[PDB]
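Asks: File name upload-v8.cif; file contents mmCIF, C-alpha atoms; full text below.
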```
data_query
loop_
_atom_site.group_PDB
_atom_site.id
_atom_site.type_symbol
_atom_site.label_atom_id
_atom_site.label_comp_id
_atom_site.auth_asym_id
_atom_site.auth_seq_id
_atom_site.Cartn_x
_atom_site.Cartn_y
_atom_site.Cartn_z
ATOM 1 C CA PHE A 400 8.443 22.732 -8.290
ATOM 2 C CA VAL A 401 11.638 24.254 -9.674
ATOM 3 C CA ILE A 402 14.014 21.250 -9.686
ATOM 4 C CA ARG A 403 16.920 21.830 -12.090
ATOM 5 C CA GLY A 404 19.753 19.799 -13.582
ATOM 6 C CA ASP A 405 19.898 16.245 -14.859
ATOM 7 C CA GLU A 406 17.558 15.235 -12.018
ATOM 8 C CA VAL A 407 14.601 15.865 -14.352
ATOM 9 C CA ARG A 408 14.821 12.212 -15.403
ATOM 10 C CA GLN A 409 14.746 11.316 -11.703
ATOM 11 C CA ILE A 410 11.289 12.900 -11.448
ATOM 12 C CA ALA A 411 9.357 9.888 -12.766
ATOM 13 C CA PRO A 412 7.841 6.599 -11.551
ATOM 14 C CA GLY A 413 10.719 5.184 -9.542
ATOM 15 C CA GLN A 414 14.281 6.166 -10.489
ATOM 16 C CA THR A 415 15.200 7.445 -7.017
ATOM 17 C CA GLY A 416 18.260 9.565 -6.224
ATOM 18 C CA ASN A 417 18.924 12.799 -4.348
ATOM 19 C CA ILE A 418 16.110 14.978 -5.702
ATOM 20 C CA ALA A 419 13.397 12.344 -6.209
ATOM 21 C CA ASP A 420 14.037 10.822 -2.789
ATOM 22 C CA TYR A 421 13.919 13.438 -0.031
ATOM 23 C CA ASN A 422 12.018 16.250 -1.759
ATOM 24 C CA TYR A 423 9.304 14.690 -3.929
ATOM 25 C CA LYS A 424 8.384 11.266 -5.276
ATOM 26 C CA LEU A 425 5.908 10.147 -7.931
ATOM 27 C CA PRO A 426 4.079 6.818 -7.399
ATOM 28 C CA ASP A 427 5.046 3.587 -9.181
ATOM 29 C CA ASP A 428 2.168 4.264 -11.562
ATOM 30 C CA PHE A 429 1.927 8.052 -12.060
ATOM 31 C CA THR A 430 -0.979 7.994 -14.515
ATOM 32 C CA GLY A 431 -0.271 11.284 -16.254
ATOM 33 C CA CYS A 432 2.347 13.424 -17.972
ATOM 34 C CA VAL A 433 5.452 15.109 -16.553
ATOM 35 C CA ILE A 434 5.924 18.560 -18.105
ATOM 36 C CA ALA A 435 9.374 20.144 -17.803
ATOM 37 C CA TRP A 436 10.931 23.148 -19.521
ATOM 38 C CA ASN A 437 13.939 25.429 -19.188
ATOM 39 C CA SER A 438 13.494 28.526 -17.028
ATOM 40 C CA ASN A 439 16.830 30.386 -17.225
ATOM 41 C CA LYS A 440 15.070 33.654 -17.996
ATOM 42 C CA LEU A 441 13.131 34.262 -14.779
ATOM 43 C CA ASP A 442 14.889 32.063 -12.218
ATOM 44 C CA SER A 443 18.211 33.839 -12.861
ATOM 45 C CA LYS A 444 17.849 35.612 -9.505
ATOM 46 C CA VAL A 445 20.986 34.491 -7.646
ATOM 47 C CA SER A 446 19.903 36.749 -4.777
ATOM 48 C CA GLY A 447 16.750 34.705 -4.204
ATOM 49 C CA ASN A 448 18.501 31.377 -3.673
ATOM 50 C CA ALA B 944 10.448 -58.476 -14.156
ATOM 51 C CA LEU B 945 9.190 -55.566 -12.038
ATOM 52 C CA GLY B 946 9.834 -52.989 -14.744
ATOM 53 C CA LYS B 947 6.394 -51.479 -15.298
ATOM 54 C CA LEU B 948 6.127 -50.463 -11.626
ATOM 55 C CA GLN B 949 9.376 -48.476 -11.910
ATOM 56 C CA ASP B 950 8.436 -46.726 -15.163
ATOM 57 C CA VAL B 951 5.660 -44.860 -13.341
ATOM 58 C CA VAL B 952 8.056 -43.986 -10.512
ATOM 59 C CA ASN B 953 10.771 -42.916 -12.956
ATOM 60 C CA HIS B 954 8.340 -40.811 -15.003
ATOM 61 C CA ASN B 955 7.086 -39.062 -11.862
ATOM 62 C CA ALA B 956 10.615 -38.555 -10.523
ATOM 63 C CA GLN B 957 11.632 -37.152 -13.912
ATOM 64 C CA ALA B 958 8.648 -34.784 -13.981
ATOM 65 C CA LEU B 959 9.436 -33.573 -10.460
ATOM 66 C CA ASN B 960 13.129 -33.156 -11.314
ATOM 67 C CA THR B 961 12.390 -31.319 -14.567
ATOM 68 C CA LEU B 962 9.988 -28.943 -12.802
ATOM 69 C CA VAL B 963 12.636 -27.943 -10.250
ATOM 70 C CA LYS B 964 15.249 -27.763 -13.015
ATOM 71 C CA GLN B 965 13.244 -25.038 -14.790
ATOM 72 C CA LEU B 966 13.640 -22.756 -11.745
ATOM 73 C CA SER B 967 17.361 -21.993 -12.254
ATOM 74 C CA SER B 968 16.657 -20.924 -15.833
ATOM 75 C CA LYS B 969 15.756 -17.363 -16.793
ATOM 76 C CA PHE B 970 13.563 -16.635 -19.826
ATOM 77 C CA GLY B 971 15.095 -13.664 -21.632
ATOM 78 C CA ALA B 972 15.995 -11.857 -18.416
ATOM 79 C CA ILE B 973 19.036 -10.802 -16.396
ATOM 80 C CA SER B 974 19.145 -13.837 -14.103
ATOM 81 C CA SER B 975 16.886 -16.498 -12.564
ATOM 82 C CA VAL B 976 17.136 -15.141 -9.003
ATOM 83 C CA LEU B 977 14.335 -12.813 -7.892
ATOM 84 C CA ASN B 978 16.581 -11.250 -5.247
ATOM 85 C CA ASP B 979 19.111 -10.437 -7.982
ATOM 86 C CA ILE B 980 16.521 -8.456 -9.970
ATOM 87 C CA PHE B 981 14.852 -6.033 -7.543
ATOM 88 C CA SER B 982 18.262 -5.036 -6.122
ATOM 89 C CA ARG B 983 19.795 -4.738 -9.593
ATOM 90 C CA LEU B 984 17.161 -2.617 -11.365
ATOM 91 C CA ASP B 985 14.756 0.239 -10.713
ATOM 92 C CA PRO B 986 11.295 -0.552 -9.278
ATOM 93 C CA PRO B 987 9.396 0.749 -12.365
ATOM 94 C CA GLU B 988 11.401 -1.291 -14.879
ATOM 95 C CA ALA B 989 11.675 -4.193 -12.420
ATOM 96 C CA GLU B 990 8.238 -5.509 -13.381
ATOM 97 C CA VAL B 991 9.164 -5.984 -17.043
ATOM 98 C CA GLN B 992 11.702 -8.714 -16.290
#
```
Can you give me the file's structure in the form of structure tokens?
Replies:
Amino acid sequence: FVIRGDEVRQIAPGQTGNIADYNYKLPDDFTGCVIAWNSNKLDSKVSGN
Amino acid sequence: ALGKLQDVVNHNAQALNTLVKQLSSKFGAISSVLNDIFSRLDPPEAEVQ
């Protein structure tokens, strides 16, 4: 997924909000690793919003 | 005269009163009310207090 902003911390076990509530939600365990990185070099297409 | 029949009753009443007394006493936590923990913290970090 391409979630942006400070809501990256919301994508985690718990820590609900606006992004991690009605779009996607990790379990209360989430045995794994969350990998995030900046993508303001390819997602700069304002036309494709 | 009847003092050794009250010592057993007083020791049991003290043990029962001390056991209930240790309920309104948190152990290095926010509070000693379970309802005041789940609704005052996030689910993931709720099960650390």
Asks: What would the selection look like, as a short mmCIF file (atom, residue, chain, number, x, y, z; two decimals) with C-alpha atoms, keeping the file's coordinate frame, if the PyMOL selection byres ((chain B) within 8 of (chain A)) were run on the coordinates I just shared?
Replies:
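Output saved as part-v2.cif:
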```
data_model
loop_
_atom_site.label_atom_id
_atom_site.label_comp_id
_atom_site.auth_asym_id
_atom_site.auth_seq_id
_atom_site.Cartn_x
_atom_site.Cartn_y
_atom_site.Cartn_z
CA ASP B 985 14.76 0.24 -10.71
CA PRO B 986 11.30 -0.55 -9.28
CA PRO B 987 9.40 0.75 -12.36
#
```
Asks: Determine, counting only C-alpha atoms, which protein, DNA and RNA residues have an atom within 12 Å of an atom of residue A:404; residues of the same chain fewer than 5 positions away are not included. Present the result as a list in words.
Replies: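 Listed by chain and then number, they are residues 409, 410, 417, 418, 435, 436, 437, 438 and 439 of chain A.
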Asks: Can you measure atom CA of residue B:971 to atom CA of residue B:992 for me? One decimal in Å is fine.
Replies: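 Separating atom CA of residue B:971 from atom CA of residue B:992 is a distance of 8.0 Å.
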Asks: Work out how far apart atom CA of residue B:970 and atom CA of residue B:953 are and give it in Å to one decimal.
Replies: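 Value for the atom CA of residue B:970-atom CA of residue B:953 distance: 27.3 Å.
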Asks: As an exercise, work out the distance from atom CA of residue A:407 to atom CA of residue A:434 in Å and give it to one decimal place.
Replies: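 Computed distance, atom CA of residue A:407 to atom CA of residue A:434, equals 9.8 Å.
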Asks: Put the listed atoms of stretch 412-424 of chain A in a box along x, y and z with 3 Å added on every side and give me the centre and edge lengths in Å to one decimal, as lines of an AutoDock Vina configuration file.
Replies:
```
center_x = 13.4
center_y = 10.7
center_z = -5.8
size_x = 17.1
size_y = 17.1
size_z = 17.5
```
